[PDB]
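Here is the structure we will look at, set down as structure tokens.
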Amino acid sequence: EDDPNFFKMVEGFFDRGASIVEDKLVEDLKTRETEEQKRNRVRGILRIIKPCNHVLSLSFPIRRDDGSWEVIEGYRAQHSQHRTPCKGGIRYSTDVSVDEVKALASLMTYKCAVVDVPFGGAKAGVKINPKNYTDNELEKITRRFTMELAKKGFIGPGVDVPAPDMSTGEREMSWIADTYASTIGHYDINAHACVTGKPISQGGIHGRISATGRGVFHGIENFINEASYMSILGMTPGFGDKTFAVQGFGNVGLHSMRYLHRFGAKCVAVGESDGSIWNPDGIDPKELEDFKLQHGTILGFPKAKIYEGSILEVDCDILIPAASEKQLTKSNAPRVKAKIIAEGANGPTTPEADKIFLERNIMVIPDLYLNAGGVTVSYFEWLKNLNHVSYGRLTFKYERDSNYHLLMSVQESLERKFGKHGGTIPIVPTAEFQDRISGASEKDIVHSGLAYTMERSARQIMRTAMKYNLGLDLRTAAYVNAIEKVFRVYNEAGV
Amino acid sequence: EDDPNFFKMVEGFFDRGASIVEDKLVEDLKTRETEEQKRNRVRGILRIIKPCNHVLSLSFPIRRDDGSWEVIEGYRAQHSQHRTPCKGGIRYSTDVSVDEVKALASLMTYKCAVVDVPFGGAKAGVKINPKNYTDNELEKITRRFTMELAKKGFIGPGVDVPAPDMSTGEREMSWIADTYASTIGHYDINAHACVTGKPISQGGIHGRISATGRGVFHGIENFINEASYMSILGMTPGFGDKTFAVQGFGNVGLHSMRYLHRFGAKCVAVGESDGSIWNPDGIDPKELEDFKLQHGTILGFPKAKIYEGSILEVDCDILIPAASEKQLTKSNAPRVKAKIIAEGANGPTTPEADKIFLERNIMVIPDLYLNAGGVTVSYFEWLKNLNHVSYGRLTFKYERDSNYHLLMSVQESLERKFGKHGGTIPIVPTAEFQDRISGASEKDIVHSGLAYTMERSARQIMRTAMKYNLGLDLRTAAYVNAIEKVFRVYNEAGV
Amino acid sequence: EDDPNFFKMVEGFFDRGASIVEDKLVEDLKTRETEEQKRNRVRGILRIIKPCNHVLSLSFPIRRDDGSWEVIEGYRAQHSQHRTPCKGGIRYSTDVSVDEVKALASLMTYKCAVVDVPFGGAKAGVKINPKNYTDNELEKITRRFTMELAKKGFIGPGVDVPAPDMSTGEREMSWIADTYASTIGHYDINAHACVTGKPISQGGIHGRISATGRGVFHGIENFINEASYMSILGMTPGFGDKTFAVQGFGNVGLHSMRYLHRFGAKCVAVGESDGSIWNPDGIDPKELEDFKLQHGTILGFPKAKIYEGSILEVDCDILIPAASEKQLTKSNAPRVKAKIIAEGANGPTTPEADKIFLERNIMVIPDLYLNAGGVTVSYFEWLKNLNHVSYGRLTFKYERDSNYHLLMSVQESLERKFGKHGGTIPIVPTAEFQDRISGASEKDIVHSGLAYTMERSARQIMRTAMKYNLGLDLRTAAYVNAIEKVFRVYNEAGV
Ligand SMILES: NC(=O)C1=CN([C@@H]2O[C@H](COP(=O)(O)OP(=O)(O)OC[C@H]3O[C@@H](n4cnc5c(N)ncnc54)[C@H](OP(=O)(O)O)[C@@H]3O)[C@@H](O)[C@H]2O)C=CC1
Ligand SMILES: NC(=O)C1=CN([C@@H]2O[C@H](COP(=O)(O)OP(=O)(O)OC[C@H]3O[C@@H](n4cnc5c(N)ncnc54)[C@H](OP(=O)(O)O)[C@@H]3O)[C@@H](O)[C@H]2O)C=CC1
Ligand SMILES: NC(=O)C1=CN([C@@H]2O[C@H](COP(=O)(O)OP(=O)(O)OC[C@H]3O[C@@H](n4cnc5c(N)ncnc54)[C@H](OP(=O)(O)O)[C@@H]3O)[C@@H](O)[C@H]2O)C=CC1
Ligand SMILES: Nc1nc2c(ncn2[C@@H]2O[C@H](COP(=O)(O)OP(=O)(O)OP(=O)(O)O)[C@@H](O)[C@H]2O)c(=O)[nH]1
Ligand SMILES: Nc1nc2c(ncn2[C@@H]2O[C@H](COP(=O)(O)OP(=O)(O)OP(=O)(O)O)[C@@H](O)[C@H]2O)c(=O)[nH]1
Ligand SMILES: Nc1nc2c(ncn2[C@@H]2O[C@H](COP(=O)(O)OP(=O)(O)OP(=O)(O)O)[C@@H](O)[C@H]2O)c(=O)[nH]1
Ligand SMILES: Oc1c(Cl)cc(Cl)c(Cl)c1Cc1c(O)c(Cl)cc(Cl)c1Cl
Ligand SMILES: Oc1c(Cl)cc(Cl)c(Cl)c1Cc1c(O)c(Cl)cc(Cl)c1Cl
Ligand SMILES: Oc1c(Cl)cc(Cl)c(Cl)c1Cc1c(O)c(Cl)cc(Cl)c1Cl
């Protein structure tokens, strides 16, 4: 009950936001036939943006360990190409259908527009349940899948760059890169930039794994510290006195929990497919993770009870959906308790849940902004691959020396003016500037680059929510920017 | 009522035929684990054949003559690649969906297996009604469509070679070739072999337009002259005393009517979308065509009345469906009158109509054989393009001389043995051998090559219908061969 | 008269400068056969530099809006490739001939040598009068032109990178990039680096439009502030008391006027093809531009009279030719009034006008230096495209933090030495260092990079004019450096 066509579901958000700005897009336009044919031409460009450009559907055979033949299905969709290459991960699930992949792909592009990553949207899906395949079988699958994508122009450094999503980690990325760089890209100087989310030894970048969590953190942080928004929710600014619950203890889930906890937030609930756990006094990220690693499940965790009932309904301040889509529907929407909904996963709530949450006066930080930390960091990995140099190497020593001389320049100058009367005036770095004395390292850029991006995009949305009184409809605010940016292109290039 | 999903409908025919042969495919197999794991491996290979390998879905913009923006959808599916390149036409219709294109694509491959054309199956569709677009708009569409196909490996001399289908003629093929050879294939020595059904001046081959009609003729001819099959129908062999009716006065329809009429068959009905016409005394192909060209419709034709009622039900000997799919369904099936059903179009009858026709004892010459004359000739065009010489050029003079000497060798020899007593014994060619004195021409090869193929494939099917007592279930007989052939490749190819 | 072959005209400047340095190029040379065969080998290398390497001549058809067929001609020349790729704009005019394109191409390479941009010279021309073609027809032309260039290796990220010139702006560049990245470069990770001067939304860079004007400004600034040169002209250093007149109110014209005016210079005349305008009290850049945009011409401008007579002869301090070539010839040369000639356009003055201006003691700042600001900025755009990151993104936050700590390091140190006695010694940034606290942004690098380059190259020329007493023959000084740099390269290469 309340199950909408994910693709159209996203189109819904797009159209809603399209209207809001349609007027501006016509005013800025300065063409000759100034008459409202301008208004049609804008609507024409919009009708062009909405649909995917290329969608590849695969069906290929693999040989099961038991010697039998099985046909596996997979898809890869390229939504837009107003920016090259396309970006978007690969989800391994039995729920993948073209409609889903087409939707996630489109979310990737608007996602990038919000966060200013120069990539068009894309997304992949292989209809399998990894839990029923041996490691050996999976590898054969992801490798062969890379090939059939390659052969048709659906993966490449300047075409389409995959990344992780559901049930795919750096292990999968690692095989993808290897297959590509060993075959199609044997001569490509940018071969390893054909995919992101790779192991660091494979050319991955620091913190891409925890990237999304760290991003989710910044997303919330930017909003839970506004008052303008916190008042409307009857909430005190700051994390120190908040309790949250998260659906999905995975890449985006685990790390989301990790960072919030790090800033005095309390995890009162954690969920999965098998069940949810709870504890009003709070659950710890590190022991839960080790229990989960050792036992392969969160159910049974000693310092917490096996909560019976919807993880999406538990009593808390912030609800973090980090599982699959449409978890928050029209049904359960009214029974959420939480004041803040930080959309960790892509499209975890239906259009109607939004509607209800708006009325219920519960703030929903949209997915296409809140979870954009993943690509922001993937983009940094991609730049790293192109550069072929790890940040800081060429300059670590030069800056260090240069910095000590800068500091020595004020010292010797002051000793000159205040003579022997002041004796020596030692100018040493503080503990903080000491940690920076050489300049930024790879770790430093990811951390601050992400932060700069999450913060900067937050303001861009807030600023918009104001200019159009969307109040707590941040999702619409977010799409306005995406459209506003993606449009400025298609317009300025003869479509 | 009864209009199943097209793709599975064809899968239906495949499975049915799969069973019939499954046994043979296991007997011929000579592997080590001779136990019936052999039977699973065969079923495994079959599960692999059935689905399409690659399906590209396009969505791109074109600029309407009135200056507006419209998004047009198109698809191209590559069913199999056990043979390279893929082959199959492009249909321009508003009824094209992936399911349809996926179906037609699969029919192309089995079609080729029956007729022995070394191509894997493929098919394209662009969701538009050509009748609502100017010539200028169409060209923009077909050209841009060729590009988006090219960019993703869905058109190329050794990859996928398109051809005509519904609402696409040599005009469209001509633009396709031009776009390709002018861009992607500028350096390809086989650039113009990227598509068939081209204008002869564009590298087309003689008779490709009337190819399918001529083929349909041969298909019927091979069966309407067996007695073995004609007896079971209570019909005298030969065309001389037969009356037929055809649904669709198009490329496959018009020419089908043309050739049958040429051999003393009488066209009593012709149909279209607007309506059907009739005349028990027979309608003439040439005057109907000129009326149709001059007036843009068959309705109103002077030497015939405007028949009210289903063209598929009119009283005649042979019913030729040359329109779209599923015309003959479970409903109207029982009211057909005709004894012979020559499937001109692809899949014009549902699985149940078959069933009824079997019982009703009405012979149905399957589409995947009867209309294979098109690709057989397309294949000849493709070979012509690769050869870069039209049949006969290099040898016309040599054979002519060589032949006159061969004939002169018996002459001078006989004059030698019978001396002056017999005087001169002139050895001149007959009128027939004179027409061949130089050897086969492009026209000659198409005509006899087609004939050789239609006939040879007919026997292959008949021969099969006997070995498995399918009697009048020729469709199943046809699929048995297709499967039987497509199989061997995969078996010993490394699957 | 005085209408020489634009190509030889430039060759003239080259030979003249060739001689001046020939001696040095032989002295530095340290080969075995030290005898003056060295002097032949240098002359041999020079005979090799002078001519273009590849010149493509195009002739292709376009379809006029009124349905008719017209053949359009175009050329693209690649002068040198001692540096890859080639660089140089596209001029849309009816005056384009191979000789012109070959000339402008050669000016591009020496232009780059003076300014240190690692590109060999190139240039294009399409023989049409844009003023007689609709926007729709132009686009068809520029797109099809990009294709015919592509097909033959005359456009590509690492081959030949076009840019704007006469009657071509970012609109044309935008279509060029689009056609390339959508076809030939669909897989190129550097596809959008196939051309510069693109809209910013298309990957353009900040200030490339006003780049040349800004450059022209710096060019003059570096010379109008030397005294060494200002004395010889009987002129006070500085812009504050100068009046200039410019021929051509276009990309290079308008912005040239803009920047000079910004620094207290007074525009007393502005010209075009239809006519010139004047005002001894000065004309304003902003109102003239708006009049020109609204009315499509400068003639009629309220705050100025319609000057009857040559714009190249008006009374002023500095004459800025920003129109086509050979405007200042032997004829009108003696009647110029201005003391300074800032060659904005490429080769606006004939070899003899030079001669006269030398005698007349009028300083001519050579085109191949003065207007090099365009490529310098185009080069920055190209680097931007390769980098796939806009300057500053990765480091904005890190530097800002790092800087506050640097400043905090002196603060905490001083508070330590001067204890409570000095209380807090707050170390805050000035307004200027505040504007830089995060580091350079894209805007910052273009502006200072251009300045660094214009200034540095000015000194290189002055320094040379001295070592060879060319006094006011800066053109010859400029070519000496170009040759001196390019030669070295063909030298050490294996030729
Ligand atoms: N790098 C990334 O992976 C990124 C992902 N995202 C977003 O987050 C989501 C991806 O999470 P990833 O795929 O990152 O998570 P990972 O697969 O690790 O998440 C694993 C967890 O998800 C739980 N889970 C799955 N389905 C449900 C469900 N219906 N209800 C409750 N729990 C469930 C699993 O339980 P079980 O194991 O029993 O299924 C498991 O504990 C995507 O939708 C995407 O939009 C965004 C940016 C980065
Ligand atoms: N080279 C080829 O074209 C080949 C074609 N074929 C087969 O023939 C069919 C292709 O026909 P082409 O595409 O050759 O035909 P063309 O478009 O000429 O066929 C035109 C005729 O089809 C009629 N028609 C369309 N829809 C219907 C309908 N729903 N009911 C009755 N009549 C209808 C049209 O009426 P109207 O004009 O008013 O729309 C017109 O008279 C395919 O299905 C294919 O399997 C097989 C091999 C080769
Ligand atoms: N990136 C760049 O664009 C660079 C440009 N340059 C130089 O500047 C020149 C380019 O100018 P752009 O092409 O920038 O100028 P744009 O075409 O805008 O210049 C337009 C102006 O040129 C005037 N004009 C053209 N021909 C004549 C003529 N015969 N007599 C008088 N006025 C004339 C036009 O008048 P009207 O409109 O009535 O024809 C118009 O006002 C080039 O030759 C180039 O070497 C230098 C460096 C880089
Ligand atoms: N998968 C996973 N890795 C973790 C986790 N916590 C820490 N890591 C580690 O991240 C490590 C390197 O971290 P760098 O300092 O050394 O980590 P960091 O940037 O300070 O981590 P954050 O403070 O969360 O941003 C790796 O060696 C991982 O073991 C976790 O909860 N899950
Ligand atoms: N539409 C149509 N085309 C025809 C017909 N007859 C011949 N053609 C043409 O086939 C032409 C050249 O044909 P020929 O070499 O004379 O044909 P043919 O071998 O005698 O034709 P069949 O007799 O093989 O059809 C092409 O230009 C077609 O237009 C016809 O009755 N209808
Ligand atoms: N390119 C251009 N821009 C103009 C002109 N006149 C006004 N503008 C304004 O340029 C504005 C943005 O200017 P900026 O990019 O910040 O200018 P800038 O690079 O600091 O300008 P300069 O310091 O002269 O190079 C827009 O909002 C326009 O309204 C003109 O003649 N040419
Ligand atoms: O140039 C390539 C490469 Cl190296 C890989 C792929 Cl998948 C594609 Cl498609 C191309 C471009 C290309 C080709 O290289 C060839 Cl020989 C044929 C085609 Cl129809 C196309 Cl479009
Ligand atoms: O060359 C390519 C590349 Cl490298 C990518 C793509 Cl997608 C396409 Cl379509 C082409 C085909 C192509 C072209 O698009 C053009 Cl204009 C010229 C050539 Cl001689 C070639 Cl071979
Ligand atoms: O790719 C070719 C081919 Cl097949 C032939 C030639 Cl004579 C050349 Cl020199 C190339 C190099 C080349 C290319 O590799 C691409 Cl992609 C485009 C272009 Cl216009 C060109 Cl000239």
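Every chain in the structure tokens takes a letter, A first, then B, and so on in the order presented; its residues are numbered from 1, and the ligands are numbered from 1 following the presented order.
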Would you list which chain A residues are within 8 Å of chain C using only C-alpha atoms, as a VMD selection string?
chain A and resid 84 to 85 118 153 156 to 159 383 386 to 387 407 425 to 430 432 to 433 436 440 444 to 446 448 to 449 452 488 to 489 492 to 494
Selection export as a CSV table (one decimal), in the first residue's frame, atoms kept: N, CA, C and O atoms:
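Below is the file result.csv, written as the result:
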chain,number,residue,atom,x,y,z
A,84,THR,N,30.6,15.1,-18.3
A,84,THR,CA,31.2,13.9,-18.6
A,84,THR,C,32.4,13.7,-17.7
A,84,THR,O,33.1,14.6,-17.3
A,85,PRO,N,32.5,12.5,-17.2
A,85,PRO,CA,31.8,11.2,-17.4
A,85,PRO,C,30.6,11.1,-16.5
A,85,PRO,O,30.3,12.0,-15.7
A,118,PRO,N,31.2,17.5,-11.1
A,118,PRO,CA,31.0,17.5,-12.6
A,118,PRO,C,30.8,16.2,-13.3
A,118,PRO,O,31.5,15.8,-14.2
A,153,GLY,N,30.4,0.6,-24.2
A,153,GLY,CA,30.6,2.0,-23.7
A,153,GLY,C,29.8,2.3,-22.5
A,153,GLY,O,29.4,3.5,-22.3
A,156,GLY,N,34.1,3.4,-18.3
A,156,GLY,CA,35.4,4.0,-18.9
A,156,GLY,C,35.7,5.3,-18.1
A,156,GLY,O,34.7,5.9,-17.6
A,157,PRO,N,36.9,5.7,-18.0
A,157,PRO,CA,37.4,6.8,-17.3
A,157,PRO,C,36.7,8.2,-17.7
A,157,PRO,O,36.5,9.0,-16.8
A,158,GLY,N,36.4,8.3,-19.0
A,158,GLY,CA,35.7,9.5,-19.4
A,158,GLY,C,34.3,9.3,-19.9
A,158,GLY,O,33.8,10.1,-20.6
A,159,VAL,N,33.7,8.2,-19.6
A,159,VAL,CA,32.4,7.8,-20.0
A,159,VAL,C,31.4,7.6,-18.9
A,159,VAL,O,30.5,8.4,-18.8
A,383,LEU,N,40.0,12.4,-9.3
A,383,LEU,CA,41.0,13.4,-9.6
A,383,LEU,C,42.4,12.9,-9.2
A,383,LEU,O,43.4,13.2,-9.9
A,386,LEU,N,43.7,10.7,-11.9
A,386,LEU,CA,44.2,11.5,-13.1
A,386,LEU,C,45.5,12.1,-12.8
A,386,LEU,O,46.4,12.1,-13.6
A,387,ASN,N,45.7,12.6,-11.6
A,387,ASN,CA,46.9,13.3,-11.2
A,387,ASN,C,48.1,12.4,-11.1
A,387,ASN,O,49.2,12.9,-11.3
A,407,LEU,N,57.9,32.1,9.5
A,407,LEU,CA,57.9,32.4,10.9
A,407,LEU,C,59.2,33.0,11.3
A,407,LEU,O,59.2,33.9,12.2
A,425,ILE,N,63.0,36.7,20.5
A,425,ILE,CA,61.6,36.6,20.5
A,425,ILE,C,61.3,35.4,19.7
A,425,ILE,O,61.0,35.5,18.5
A,426,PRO,N,61.3,34.2,20.3
A,426,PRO,CA,61.0,33.0,19.5
A,426,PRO,C,59.6,32.9,19.0
A,426,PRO,O,58.7,33.0,19.8
A,427,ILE,N,59.5,32.7,17.7
A,427,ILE,CA,58.2,32.5,17.0
A,427,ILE,C,58.1,31.0,16.5
A,427,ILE,O,58.6,30.7,15.5
A,428,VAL,N,57.4,30.2,17.4
A,428,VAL,CA,57.2,28.8,17.1
A,428,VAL,C,55.8,28.6,16.8
A,428,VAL,O,54.9,29.4,17.1
A,429,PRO,N,55.5,27.5,16.1
A,429,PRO,CA,54.1,27.2,15.7
A,429,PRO,C,53.3,26.7,16.9
A,429,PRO,O,53.8,26.3,17.9
A,430,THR,N,51.9,26.8,16.8
A,430,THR,CA,51.1,26.3,17.9
A,430,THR,C,51.0,24.8,17.6
A,430,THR,O,51.5,24.3,16.6
A,432,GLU,N,48.4,23.2,16.7
A,432,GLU,CA,47.6,23.1,15.5
A,432,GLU,C,48.3,23.4,14.2
A,432,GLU,O,48.3,22.6,13.2
A,433,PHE,N,49.1,24.5,14.2
A,433,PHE,CA,49.8,24.9,12.9
A,433,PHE,C,51.0,24.0,12.7
A,433,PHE,O,51.5,23.8,11.6
A,436,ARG,N,50.1,21.2,10.6
A,436,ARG,CA,49.9,21.6,9.2
A,436,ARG,C,51.2,22.2,8.6
A,436,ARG,O,51.2,22.4,7.4
A,440,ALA,N,48.7,20.3,3.3
A,440,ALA,CA,47.7,19.3,3.3
A,440,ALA,C,48.2,17.9,2.7
A,440,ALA,O,49.0,17.9,1.8
A,444,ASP,N,43.9,15.1,4.7
A,444,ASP,CA,43.5,16.4,4.9
A,444,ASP,C,42.5,17.0,3.9
A,444,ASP,O,41.6,17.7,4.2
A,445,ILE,N,42.7,16.7,2.6
A,445,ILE,CA,41.9,17.2,1.5
A,445,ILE,C,40.5,16.6,1.5
A,445,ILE,O,39.5,17.3,1.3
A,446,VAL,N,40.5,15.3,1.7
A,446,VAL,CA,39.2,14.6,1.7
A,446,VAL,C,38.3,15.1,2.8
A,446,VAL,O,37.2,15.5,2.6
A,448,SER,N,38.5,18.0,4.6
A,448,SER,CA,38.1,19.4,4.5
A,448,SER,C,37.3,19.7,3.2
A,448,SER,O,36.5,20.6,3.1
A,449,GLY,N,37.7,18.9,2.1
A,449,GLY,CA,37.0,19.1,0.9
A,449,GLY,C,35.5,18.7,1.0
A,449,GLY,O,34.6,19.4,0.5
A,452,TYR,N,33.8,21.3,3.2
A,452,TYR,CA,33.6,22.6,2.4
A,452,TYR,C,32.4,22.4,1.5
A,452,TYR,O,31.5,23.3,1.4
A,488,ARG,N,21.1,25.5,-17.0
A,488,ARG,CA,22.1,26.5,-17.5
A,488,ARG,C,23.0,25.9,-18.5
A,488,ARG,O,23.6,26.7,-19.3
A,489,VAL,N,23.1,24.6,-18.5
A,489,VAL,CA,24.0,23.9,-19.4
A,489,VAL,C,23.3,23.7,-20.7
A,489,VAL,O,23.5,24.3,-21.8
A,492,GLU,N,22.6,26.9,-22.6
A,492,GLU,CA,23.9,27.4,-23.2
A,492,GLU,C,24.7,26.5,-24.1
A,492,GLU,O,25.9,26.8,-24.3
A,493,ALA,N,24.1,25.5,-24.7
A,493,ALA,CA,24.8,24.6,-25.6
A,493,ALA,C,24.1,24.0,-26.8
A,493,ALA,O,24.5,23.1,-27.5
A,494,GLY,N,22.9,24.7,-27.1
A,494,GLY,CA,22.1,24.2,-28.2
A,494,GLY,C,21.5,22.8,-28.0
A,494,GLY,O,21.2,22.0,-28.9
Given a cut-off of 7 Å, what residues near ligand 2 show up using only C-alpha atoms and all ligand atoms, put as a ChimeraX atom specification?
/B:91,163-167,209,212,247-253,271-274,322-325,344-347,371-375
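Identified as lying at most 7 Å from ligand 7 when counting only C-alpha atoms and all ligand atoms are the residues residues 150, 151, 152 and 153 of chain A; 150, 151, 152, 153, 155, 156 and 184 of chain B.
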Selection from above, N, CA, C and O atoms, as a PDB file, in the first residue's frame, can you write it?
ATOM      1  N   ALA A 150      31.939  -2.703 -20.646  1.00  0.00           N
ATOM      2  CA  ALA A 150      33.013  -2.139 -21.444  1.00  0.00           C
ATOM      3  C   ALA A 150      32.677  -2.219 -22.939  1.00  0.00           C
ATOM      4  O   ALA A 150      32.600  -1.204 -23.616  1.00  0.00           O
ATOM      5  N   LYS A 151      32.479  -3.428 -23.434  1.00  0.00           N
ATOM      6  CA  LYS A 151      32.154  -3.651 -24.829  1.00  0.00           C
ATOM      7  C   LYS A 151      31.099  -2.701 -25.415  1.00  0.00           C
ATOM      8  O   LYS A 151      31.095  -2.473 -26.618  1.00  0.00           O
ATOM      9  N   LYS A 152      30.208  -2.155 -24.598  1.00  0.00           N
ATOM     10  CA  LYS A 152      29.169  -1.274 -25.128  1.00  0.00           C
ATOM     11  C   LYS A 152      29.247   0.190 -24.702  1.00  0.00           C
ATOM     12  O   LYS A 152      28.288   0.947 -24.861  1.00  0.00           O
ATOM     13  N   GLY A 153      30.389   0.578 -24.158  1.00  0.00           N
ATOM     14  CA  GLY A 153      30.582   1.952 -23.737  1.00  0.00           C
ATOM     15  C   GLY A 153      29.846   2.335 -22.479  1.00  0.00           C
ATOM     16  O   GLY A 153      29.400   3.492 -22.346  1.00  0.00           O
TER      17      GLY A 153
ATOM     18  N   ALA B 150      25.410   3.971 -32.922  1.00  0.00           N
ATOM     19  CA  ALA B 150      26.842   3.861 -33.202  1.00  0.00           C
ATOM     20  C   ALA B 150      27.657   4.023 -31.923  1.00  0.00           C
ATOM     21  O   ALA B 150      28.415   3.151 -31.547  1.00  0.00           O
ATOM     22  N   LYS B 151      27.489   5.158 -31.260  1.00  0.00           N
ATOM     23  CA  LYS B 151      28.193   5.457 -30.028  1.00  0.00           C
ATOM     24  C   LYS B 151      28.206   4.326 -29.009  1.00  0.00           C
ATOM     25  O   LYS B 151      29.113   4.267 -28.186  1.00  0.00           O
ATOM     26  N   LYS B 152      27.214   3.439 -29.033  1.00  0.00           N
ATOM     27  CA  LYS B 152      27.170   2.361 -28.043  1.00  0.00           C
ATOM     28  C   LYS B 152      27.358   0.947 -28.563  1.00  0.00           C
ATOM     29  O   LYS B 152      27.089  -0.028 -27.866  1.00  0.00           O
ATOM     30  N   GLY B 153      27.833   0.843 -29.805  1.00  0.00           N
ATOM     31  CA  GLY B 153      28.084  -0.449 -30.412  1.00  0.00           C
ATOM     32  C   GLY B 153      26.841  -1.194 -30.840  1.00  0.00           C
ATOM     33  O   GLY B 153      26.807  -2.421 -30.786  1.00  0.00           O
ATOM     34  N   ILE B 155      25.319  -0.802 -33.986  1.00  0.00           N
ATOM     35  CA  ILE B 155      25.285  -0.695 -35.437  1.00  0.00           C
ATOM     36  C   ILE B 155      26.737  -0.672 -35.880  1.00  0.00           C
ATOM     37  O   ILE B 155      27.561   0.024 -35.294  1.00  0.00           O
ATOM     38  N   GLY B 156      27.050  -1.470 -36.888  1.00  0.00           N
ATOM     39  CA  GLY B 156      28.408  -1.556 -37.410  1.00  0.00           C
ATOM     40  C   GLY B 156      28.478  -2.758 -38.339  1.00  0.00           C
ATOM     41  O   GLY B 156      27.759  -3.719 -38.130  1.00  0.00           O
ATOM     42  N   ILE B 184      31.436   7.702 -38.088  1.00  0.00           N
ATOM     43  CA  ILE B 184      32.129   6.541 -37.487  1.00  0.00           C
ATOM     44  C   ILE B 184      32.895   5.698 -38.498  1.00  0.00           C
ATOM     45  O   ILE B 184      34.033   5.300 -38.258  1.00  0.00           O
TER      46      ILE B 184
END
All helix (DSSP H, G or I) positions in range 209-375 of chain C, as a PyMOL selection string:
chain C and resi 211-223+228-232+251-262+285-295+333-335+351-359+367-370+373-375
Would you list the contacts of residue 101 in chain C as a short mmCIF file (atom, residue, chain, number, x, y, z; two decimals) with C-alpha atoms, in the first residue's frame, taking every protein, DNA or RNA residue within 12 Å and counting only C-alpha atoms, but skipping same-chain residues closer than 2 positions in sequence?
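Saved result, around.cif, follows:
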data_model
loop_
_atom_site.label_atom_id
_atom_site.label_comp_id
_atom_site.auth_asym_id
_atom_site.auth_seq_id
_atom_site.Cartn_x
_atom_site.Cartn_y
_atom_site.Cartn_z
CA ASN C 5 50.62 38.73 -49.11
CA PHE C 6 49.71 38.52 -45.35
CA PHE C 7 51.81 35.39 -45.12
CA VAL C 10 54.76 38.01 -41.42
CA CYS C 52 53.05 25.66 -42.28
CA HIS C 54 49.59 20.98 -42.65
CA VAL C 55 46.86 23.04 -44.25
CA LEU C 56 43.39 21.59 -44.70
CA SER C 57 41.04 23.13 -47.23
CA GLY C 74 36.74 26.73 -44.86
CA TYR C 75 40.39 26.26 -43.96
CA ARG C 76 42.44 25.20 -40.96
CA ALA C 77 46.20 25.47 -40.92
CA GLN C 78 48.71 23.95 -38.56
CA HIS C 79 51.92 25.96 -38.72
CA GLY C 88 44.55 29.21 -32.73
CA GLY C 89 41.03 30.54 -33.32
CA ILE C 90 38.39 30.42 -36.03
CA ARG C 91 37.54 33.50 -38.03
CA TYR C 92 34.18 33.76 -39.86
CA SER C 93 34.62 36.16 -42.77
CA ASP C 95 38.00 37.68 -46.56
CA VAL C 96 39.42 34.37 -45.41
CA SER C 97 41.75 32.79 -47.91
CA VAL C 98 44.40 30.16 -47.31
CA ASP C 99 47.09 32.86 -47.36
CA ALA C 103 49.52 33.79 -41.84
CA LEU C 104 47.39 34.03 -38.72
CA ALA C 105 48.41 30.46 -37.96
CA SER C 106 52.10 31.37 -38.01
CA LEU C 107 51.43 34.42 -35.87
CA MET C 108 49.85 32.10 -33.31
CA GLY C 121 50.42 27.74 -33.99
CA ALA C 122 47.16 27.15 -35.86
CA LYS C 123 44.21 29.03 -37.29
CA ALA C 124 40.91 28.52 -39.07
CA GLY C 125 38.63 30.42 -41.41
CA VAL C 126 35.15 29.84 -42.85
CA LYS C 127 34.39 32.08 -45.84
CA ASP C 165 38.40 35.04 -33.51
CA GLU C 325 44.80 43.08 -40.71
CA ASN C 346 46.89 40.36 -35.69
#
